[PDB]
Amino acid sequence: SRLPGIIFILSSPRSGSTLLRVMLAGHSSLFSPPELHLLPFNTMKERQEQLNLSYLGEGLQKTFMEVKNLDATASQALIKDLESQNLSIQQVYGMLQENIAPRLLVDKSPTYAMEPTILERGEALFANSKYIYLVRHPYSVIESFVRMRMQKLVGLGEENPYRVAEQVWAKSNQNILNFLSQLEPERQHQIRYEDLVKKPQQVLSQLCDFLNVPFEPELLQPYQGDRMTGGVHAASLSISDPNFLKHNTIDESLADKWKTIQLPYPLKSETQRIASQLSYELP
């Protein structure tokens, strides 16, 4: 039997997903943690055995700390107990839902879009979830991915970094497009990164209407309060650094970077078609 629906943020890497999840973390109706790394796995033992991350990836540990007012050691002890009994991932999600209730979980990870079977698992575990599809211009994503030296994470450190980055953007976006094409229009909402940082009030107000929550001022203040970004920096990171703490406001200047970014190669024809579908211009 499926769990009550949650909210997913789906995106390519480097699309401002962390910024968005942190904005939403401020809303009293929502609970929006660093990556939980639950969705890709069937059981907690599978997760423990297979979950290897460049940084500490303590989203789940931090979640139990917040919702149960626990120190790090006690939260870890709880997670180890779930692993020892080998709870299903659905059982752990159910436990999270009860511990955050009446708040709704916001589940964000750019890695979900890399595997169509992971996207499908969301629909298998949950009923009537809502999907926020966050998109960013391919030039901006590619420049960032290459700058951050993420090519190794794909298992393609021997190929051209720019082409590897392009493939990540193209595959993630095509996978999301394919997945969402099968779902009710009423359960999906697109956000463009460029709009998010240039017009956050308008974007967030429209998102609030989609989520059926009222607007709260905290949405516009991602650097205020406890939004699970504090303490040891490496603890909220998983696959790379979103560079959220290298800024101190919603920084609009990062939107238009695509207007001047010079990539070594024109995007492949297939990538250009995806960009066209998403209404991005390619200078």
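In case it trips you up, residue 1 is the first one in the sequence shown, and so on.
Look at the mean CA B-factor for 51-59 and for 35-43 in the entry; the higher one is 51-59.
Across the two stretches, 163-171 and 80-88, the PDB entry reports the greater mean Cα temperature factor for 80-88. Ranking 228, 30, 245, 219 by the C-alpha B-factor listed in the PDB entry places 228 at the top. As recorded in the entry, 75 carries the highest CA temperature factor of 190, 206, 181, 75. The PDB entry assigns residue 267 a C-alpha temperature factor belonging to the middle third of its chain's modelled residues. In this PDB entry, residue 150 carries a Cα temperature factor that places it within the highest third of its chain's modelled residues.
Remark: residue 157 belongs to the highest third of its chain, ranked by C-alpha B-factor as recorded. Among the modelled residues of the chain, residue 6 sits in the lowest third by CA temperature factor in this PDB entry. For residue 103, the recorded CA temperature factor ranks within the highest third of the chain's modelled residues.
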